[PDB]
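Take a look at the structure set out below.
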There are 2 protein chains.
Amino acid sequence: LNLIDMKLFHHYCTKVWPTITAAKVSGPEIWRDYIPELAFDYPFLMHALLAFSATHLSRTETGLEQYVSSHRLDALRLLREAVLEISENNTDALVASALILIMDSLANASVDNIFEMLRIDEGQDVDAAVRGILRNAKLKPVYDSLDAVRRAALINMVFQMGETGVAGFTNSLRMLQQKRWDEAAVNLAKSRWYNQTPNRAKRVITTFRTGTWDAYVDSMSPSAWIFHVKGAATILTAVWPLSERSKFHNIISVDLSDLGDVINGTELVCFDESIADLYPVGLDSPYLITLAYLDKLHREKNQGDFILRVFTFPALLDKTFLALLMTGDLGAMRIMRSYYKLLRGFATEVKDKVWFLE
Amino acid sequence: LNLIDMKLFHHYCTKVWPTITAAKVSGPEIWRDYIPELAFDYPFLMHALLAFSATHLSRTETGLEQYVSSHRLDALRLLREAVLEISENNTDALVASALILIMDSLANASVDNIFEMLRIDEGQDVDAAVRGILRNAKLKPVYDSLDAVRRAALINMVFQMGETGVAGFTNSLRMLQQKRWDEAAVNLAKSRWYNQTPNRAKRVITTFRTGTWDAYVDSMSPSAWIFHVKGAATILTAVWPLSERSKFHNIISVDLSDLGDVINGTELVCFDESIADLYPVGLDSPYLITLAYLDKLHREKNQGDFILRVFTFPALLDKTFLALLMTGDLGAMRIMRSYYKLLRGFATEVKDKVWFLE
């Protein structure tokens, strides 16, 4: 009498799929009622479905940190077994339970990146250092207007040089409040802070100008996601390519789209703004089939599909692009770098999309 | 009346294929007389064959820097056209002309890496700085015994700190002459050179201990090879997979070998000696199918086949390994790094295999 489980299943079907496509009308059939459908004949899929739905519920009911880990580990052991004998069992089911298991570990997104930032700059007295920033004569209006990426830099400055040091940059703070980090970043390279700590300062300032954590991404922590794509590939390699019948490829970029995104693919804009290189090129560039793909990853947030484009990405990487990267082509590494950005940032904008407290 | 061309062809068939397998008896049929065979019906292949053979001849007759570039550019334009319409033309031919065009640019290996090294350390008075090393009381016996990788480091020391500075390391030079760079590298970390220039010194010393240019590979120049694998992939992606018939896959690792190299694949030794990590693992490691491949690349020097394993490497990279790298798994990047070593080093040991002067 699993009845708590039936409660969990009800919870899935009624309540968590609309988060999964993230769209009420776009492809609801897949998650609302293809996956539950498959879930019955395959226990790894039911286990994944229950564990994911249970993690989603914990946001409200306290309860069940226990059952999530149970169905987690059931789903994993069974799915490990399920891979080796694909004849006995559907592959759409294996793909589903892949993507679901991903989104589940994605919801355990405990990596809060501000800690990571000061990890990098200094090398407890950690939390509640704000008491003297927003409760401060001149840092209030600037901190009160900033976004979270730039609030981080200002907090980093206070931790380095105290509430009353940061208050000294009258011209820059009037500029940051004024949003011209275009040249507010300019006025900060002439700071005697920047002279005495140039490495920390330069990477703080690009954070203020850009928004993205570009300067710090290379040494970033990011790894709770990574372990789950380790085993996840295991089940891509099993099932690829997918049976002519199986519901997945069609949904796969409307099956590519006769490269319709490529006709103005040159014409889509950076969206990263950091590569800032060669990227005005037309067709005759080995980057396009794979920069167009990144555009498509960036271009849509529907949670399941974004994960789907990731899960399928190594079975679809350009043989001519993979070849460059394997050589060591700088553009290749610097748009695979940009992929570890798209990824790390997608979790940041999903768990920021999701309740944290309050 | 191309008769100089017939001379070139004769030159190919009689004289350059045994360099191409690098083995007189191992697979001579392919190059000695399958490739000439195909060469007649396809002009891109004949053009590549002539251009390659002509570059090989220039080593003796002065003549023809001209005809090499001619057949080069003929082969390229025609091969560009030949790719788009594979129905009209064999794919073994396209693969051949790929590999041959590679080995041709490989023979124009003008990158001499000592210049690259001091590029890195300082940032003309370039050549003939030796006059005061081997013609020097105490540096003679050490320089006279060293190999070329370690002669480079000693020369780097003289350029930094003069003939008579380097002569000061009596204990280390007795040790380097004594070949215990095991701890001769130890005695050099306590040098007041190393104190005043630690960055340059540390990377000099690992060069002395290791042999490989590990410390300097990351900032190395290496690029005359790279451009040719750019377009080379273009013709892998066209022809992959190869027609059930075409002579190539069979030769492809005896078609893999039922993973026979994998049964003691854990058991093959580093050969890099720099990864030095995890590499004692057994099977359950996503690195193996691709570290076993690197072993196989390292394990055989037959020039054509080594190039063949490279040309085919992106159509064969592990989907589970490619997936990690795309994430950013450190082991993945640090054994793709080790691949840009195998590559850069293969040219170094082919053109060192080949006549330079004298």
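Residue numbering restarts at 1 in every chain; chains get A, B, ... in the order shown in the structure tokens, and ligands count up from 1 in that same order.
Every protein, DNA or RNA residue with an atom at most 8 Å from region 332-345 of chain B, where only C-alpha atoms count and chain neighbours fewer than 2 positions away do not, is listed here: residues 326, 327 and 328 of chain A; 217, 222, 272, 275, 287, 291, 294, 297, 298, 321, 324, 325, 328, 329, 330, 347, 348 and 349 of chain B.
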Residues of chain A within 6 Å of chain B: nearest atom pair and distance (Å, one decimal) for each, counting only C-alpha atoms, sorted by chain and number, as CSV?
```
residue,atom,partner,partner_atom,distance
A:233,CA,B:320,CA,5.1
A:237,CA,B:319,CA,5.9
A:314,CA,B:323,CA,5.4
A:319,CA,B:314,CA,5.9
A:320,CA,B:233,CA,5.1
A:323,CA,B:314,CA,5.4
```
Query raised in the report: Can you tell me, as a VMD selection string, what residues are no more than 12 Å from region 197-205 of chain B when counting only C-alpha atoms, ignoring any on the same chain fewer than 3 positions away?
Result: chain B and resid 117 to 123 149 to 158 160 to 161 172 176 181 to 194 208 to 219
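Taking CA of residue 97 (chain A) and CA of residue 75 (chain A) as the two end points, the separation is 8.1 Å.
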Requested in this report: Mind the document's chain letters and residue numbers, and return as an NGL selection string the residues of region 5-230 of chain A that DSSP labels helix (DSSP H, G or I).
Outcome: :A and (5-20 or 28-39 or 43-58 or 65-84 or 86-88 or 91-107 or 113-121 or 139-145 or 148-161 or 163-166 or 170-178 or 181-187 or 192-196 or 198-210 or 214-217 or 226-230)
**Report entry** For CA of residue 45 (chain A) and CA of residue 296 (chain A), the interatomic separation in Å (one decimal)
**Finding:** 27.8 Å
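CA of residue 106 (chain B) sits 19.1 Å away from CA of residue 62 (chain B).
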